[PDB]
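See below for the structure under consideration.
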Amino acid sequence: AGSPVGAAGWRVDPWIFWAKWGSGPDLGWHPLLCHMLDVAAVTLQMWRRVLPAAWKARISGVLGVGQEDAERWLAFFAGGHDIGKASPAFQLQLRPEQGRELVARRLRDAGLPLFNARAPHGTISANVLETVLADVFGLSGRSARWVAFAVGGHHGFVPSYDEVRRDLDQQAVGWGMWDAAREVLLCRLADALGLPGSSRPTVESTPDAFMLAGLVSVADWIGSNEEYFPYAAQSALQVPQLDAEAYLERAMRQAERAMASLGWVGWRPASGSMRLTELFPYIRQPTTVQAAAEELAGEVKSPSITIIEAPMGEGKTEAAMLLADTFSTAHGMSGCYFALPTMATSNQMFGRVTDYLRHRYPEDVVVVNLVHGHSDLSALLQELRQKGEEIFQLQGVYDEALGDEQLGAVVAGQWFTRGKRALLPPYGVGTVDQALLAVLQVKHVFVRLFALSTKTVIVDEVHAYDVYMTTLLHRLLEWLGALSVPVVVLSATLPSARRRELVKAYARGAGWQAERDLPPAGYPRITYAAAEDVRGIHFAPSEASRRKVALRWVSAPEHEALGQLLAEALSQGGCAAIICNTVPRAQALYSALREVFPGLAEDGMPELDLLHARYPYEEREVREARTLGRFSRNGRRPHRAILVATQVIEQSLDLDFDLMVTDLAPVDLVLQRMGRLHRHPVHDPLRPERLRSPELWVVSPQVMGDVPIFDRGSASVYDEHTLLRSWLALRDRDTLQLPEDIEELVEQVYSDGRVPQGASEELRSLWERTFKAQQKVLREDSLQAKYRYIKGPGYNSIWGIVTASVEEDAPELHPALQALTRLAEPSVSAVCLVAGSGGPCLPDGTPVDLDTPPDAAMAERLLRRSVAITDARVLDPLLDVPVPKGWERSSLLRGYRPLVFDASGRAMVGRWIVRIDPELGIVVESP
Ligand SMILES: Nc1ncnc2c1ncn2[C@H]1C[C@H](O)[C@@H](COP(=O)(O)OP(=O)(O)OP(=O)(O)O)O1
Ligand SMILES: [Mg+2]
Ligand code: NI
Ligand code: NI
Ligand code: NI
């Protein structure tokens with residue numbers, strides 16, 4: 018520091034600097050030191066009221082200090098996140114319309130030099146902390162640099178090394194008097210936290226600092242809510258006179274109230290030492306997999322991965338929740354995230370999770386988990402309808418890459434509105450995609466790693482096709498292993514190579530130097546892996562799982578006779594499902610099937626029904642509720658019904674069907690679809706005699722010679738070569754011998770064996786060609802990994818864990834990078850409206866003002882019309898439609914495109930016609 022500073026300069030007065038500033042009705046402002054005390058207070062309350070004890074113990078172990086020192090120091094860093102706001106570049110950012118000259122004269126009175134240079138405040142925070150944390154606070158240079166970059170990454174991305182130590186203007190950061198000012202602020206915040214003269218923490222572990230950045234981001238978000246953290250200054254004209262400690266106390270109580278509103282407090286484990294029959298009253302005699310799980314439960318270690326492989330319908334989820342209960346009770350990991358399969362809704366799972374949660378936690382589960390632990394939109398809607406202003410609302414989030422403070426407040430505020438919100442609460446149910454996003458190079462990934470770090474992860478239903486086609490779960494397992502996160506993976510069946518690479522990934526993250534191989538065990542089995550311990554527990558399949566399943570084919574010439582086949586099969590009655598690989602095929606087959614089954618069912622709704630994601634959300638709620646009401650284990654089963662549907666039935670849902678028709682798919686997916694066939698024994702006596710023998714109809718592809726010709730939709734959804742392997746594995750079967758044939762088929766298709774089996778040359782050509790295509794895809798993804806995936810845990814530099822496109826912002830996320838990695842289909846969110854005078858209107862029938870943000874009621878009614886279009890034909894033209902100016906400033910409606918149908922229910926989008934059918938849902942069609 019090259020500028021001498023006199024005592025008059027050291028008088029400074031800390032309170033003059035601002036961190037938050039008002040706009041309209043709020044003429045006041047928030048002093049920077051107040052904001053730092055607020056974020057530190059939120060960190061303290063997190064440590065004392067939210068975080069699981071195992072997390073605090075482990076982080077205290079990494080820090081090398083006791084839990085008290087770890088608490089005050091983490092609070093010090095998190096409060097130190099905005100230290101760079103004390104720079105000329107940020108203080109002069111103020112709007113001229115809102116008293117910028119007043120702040121200018123106020124700084125000038127202190128004697129601070131002024132400069133017009135501009136830099137993001139977080140990079141400045143890294144630039145100052147990397148030196149100040151060492152030269153004053155006595156931390157090692159590595160810990161200082163690590164805390165500096167991590168804390169400086171809080172608005173989206175950790176700064177690149179050049180951003181902090183090369184391109185950064187000195188005039189932007191300031192020096193001399195500014196350094197004395199920041200030194201004063203940091204010393205006062207530290208004294209308020211009681212840092213002297215406690216032993217200095219070691220922060221040299223890269224992954225830990227990385228997730229800690231996510232903790233800091235969440236803390237700043239909590240401090241950004243003006244309802245719980247009102248600005249201390251009542252007007253720009255005057256600087257408040259404050260005692261830092263009393264303000265810290267008030268900030269702590271406010272933090273407690275704010276986090277209490279989010280339902281993070283207070284999940285007391287309330288042990289306890291419960292058995293499986295107690296947690297789940299509905300089960301009398303536990304299934305064999307649950308028995309082996311109950312036996313394993315007494316021997317589990319704090320960080321370990323479990324892989325459960327049992328036939329579908331055997332009740333693996335209760336075993337997973339059992340191990341999770343053992344983790345929360347006996348190992349201090351009181352939190353869990355239930356990672357659902359991508360096509361699954363959270364609804365049915367959430368009730369099971371709630372029913373388990375009643376046995377371990379007080380009735381706060383009613384007042385907390387019901388609205389906060391749910392990922393899907395219905396909970397957000399009920400939270401909107403409920404009094405009062407239940408949704409968390411941010412303001413004054415100064416993300417430089419967005420155009421203004423409130424815009425950044427909206428983008429950050431999406432974390433409390435979008436499905437990713439389910440990640441935040443200690444118990445949450447949601448898609449596996451939210452957890453898989455943690456390894457992508459996207460905004461705020463460290464927030465995801467931080468959320469996952471505090472909970473055991475339970476991956477419900479893993480498919481072999483997914484683990485074969487992508488590395489996402491492997492990388493997530495590496496980072497999960499680094500964070501000492503317990504993991505349970507449910508699966509109907511996996512190839513041995515897949516289990517090997519998964520356990521290898523979690524072990525690689527764990528740092529487990531032991532290289533001993535996984536013990537062999539017959540199917541069904543439970544793999545297990547702790548530090549010093551590794552197990553392969555085989556167990557006898559339940560006798561109910563021993564069934565022969567008929568496998569009939571319907572060839573393309575017979576395909577139009579398929580409805581007549583449904584007539585001859587269901588003539589005696591009985592439920593039946595028909596899975597389709599794509600929405601348009603489902604709509605078409607349904608339209609064809611309407612002629613065959615006109616009749617109403619006993620429940621007063623038609624026996625024929627359709628289900629897919631492409632509906633306005635309320636209609637989706639109706640059809641989903643009707644389906645779950647018909648075909649669940651306890652539902653009012655119709656004497657006869659037919660349900661055409663996509664793969665939304667294929668995953669997670671607890672449905673039962675007397676008969677199953679399905680499109681060709683990779684075999685693990687077909688079996689997963691087949692798990693809904695005769696799933697519940699209680700339904701056995703009442704089944705029609707024609708359907709008493711389980712039977713699985715598969716839709717055959719057109720076959721020129723011996724060469725299959727897959728339909729374009731399935732070809733676009735699934736890898737073509739895998740479909741070829743599956744069709745070859747299934748084409749000669751007459752009967753499936755469960756449960757061994759499950760593992761047999763899956764280990765046949767995904768394993769090394771090439772079986773042309775002496776067929777035609779053209780088929781060999783199709784084989785080699787489709788395989789070359791698949792390998793070209795996998796290779797191309799492997800070569801683009803630097804631009805897509807974050808560095809693994811063993812990477813040494815805290816910077817460069819995420820490189821480009823840093824601070825865009827905010828880069829996709831779901832529409833873009835999600836698609837290149839095939840994590841999910843790219844899509845547009847849309848709001849179905851109707852045309853009329855005065856612009857777009859709701860169907861019933863009130864006008865919408867697109868120019869202003871919606872009120873919560875109107876936002877709810879608008880969200881009820883929402884739909885996630887994913888069709889390639891109209892996706893781009895829909896993106897070209899601007900998001901209306903009032904919506905992008907709303908966290909509830911950012912990224913949503915209005916979709917104005919006419920009275921005919923038609924709308925002109927691109928060359929294509931979009932139409933909103935009462936039965937078919939949204940329908941794309943050529944004009
Ligand atoms: N021990 C049990 N005995 C009898 N029924 C049980 C038992 N445990 C759970 N069930 C019920 C609850 C569910 O409604 C139904 C299916 O359980 P479930 O956990 O969904 O199996 P699963 O998850 O392994 O199937 P899948 O592999 O297809 O996802 O059986
Ligand atoms: Mg399951
Ligand atoms: Ni900030
Ligand atoms: Ni801040
Ligand atoms: Ni901020």
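If you use UniProt numbering, the sequence shown corresponds to residues 18 to 944, in order. Yeah, the Cβ is synthetic: ideal placement off N, Cα and C, and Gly gets one too.
Helix, strand or coil at residue i [DSSP, three-state]
i	result
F297	coil
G553	strand
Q115	helix
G938	strand
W27	helix
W570	strand
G591	strand
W529	coil
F355	strand
residue 5	There is simply no residue 5 to check, as the chain begins at 18 and stops at 944 in what is shown.
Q719	strand
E326	strand
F727	coil
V504	strand
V931	strand
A885	strand
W281	coil
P48	strand
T752	strand
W744	helix
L54	helix
residue 951	The question about residue 951 has no answer here: the residues shown for the chain are numbered 18 through 944.
Check whether residue i and residue j have beta carbons under 8 angstroms apart
i	j	result
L494	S470	no
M194	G19	no
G528	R542	no
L339	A310	yes
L232	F467	yes
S562	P328	yes
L676	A586	yes
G352	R696	no
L850	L859	yes
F227	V164	no
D685	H480	yes
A429	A272	no
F409	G390	no
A841	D450	yes
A209	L54	yes
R89	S222	no
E706	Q589	yes
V190	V145	yes
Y767	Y485	yes
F556	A230	no
Secondary structure, alpha helix (DSSP H): runs of 4+ residues fully inside the stretch 834-882:
834-837 and 873-880
Report the residue ranges of all beta strand (DSSP E) runs contained in full by the stretch 404-477; include only those spanning at least 3 residues, in chain order.
444-448 and 473-476
Closer than 5 angstroms is what we want: which residues have a beta carbon that near any heavy atom of ligand 4? List them in chain order.
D99 and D237
Just to confirm the assignment: which complete alpha helix (DSSP H) runs, minimum length 4, are found wholly within the stretch 165-220?
178-182, 187-190 and 194-210
Check whether the stretch 399-412 and the stretch 894-906 touch, using three or more Cβ-Cβ pairs below 8 angstroms as the test.
no
Is there contact here, the stretch 651-668 with the stretch 358-372, by at least three beta-carbon pairs under 8 angstroms?
yes
Kindly provide the chain-ordered list of residues whose Cβ lies closer than 6 angstroms to any non-hydrogen atom of ligand 2.
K333, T334, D477, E478 and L507
Is it the case that the stretch 508-521 contacts the stretch 320-335, given that we only count it when at least three CB pairs across the two stretches are under 8 angstroms?
yes
Is the stretch 788-802 in contact with the stretch 589-604, if contact means three or more CB pairs nearer than 8 angstroms?
no
Counting pairs of Cβ atoms below 8 angstroms between the stretch 376-383 and the stretch 288-308, do you hit three or more?
yes
Is the stretch 99-108 touching the stretch 33-50, taking contact as three or more C-beta pairs under 8 angstroms?
yes
Report yes or no: do three or more beta-carbon pairs, one from the stretch 625-632 and one from the stretch 877-886, lie closer than 8 angstroms?
yes
Cβ contact check for the stretch 823-836 and the stretch 168-177: 3 or more pairs under 8 angstroms
yes
The stretch 610-619 contacting the stretch 739-759, beta-carbon criterion three pairs below 8 angstroms
no
Which residue spans inside the stretch 366-411 form an unbroken beta strand (DSSP E) run of at least 3?
none
If you scan the stretch 650-727 from start to end, which runs of the beta strand (DSSP E) of 3 or more residues do you find wholly inside it?
657-662, 676-680, 712-716, 719-721 and 724-726
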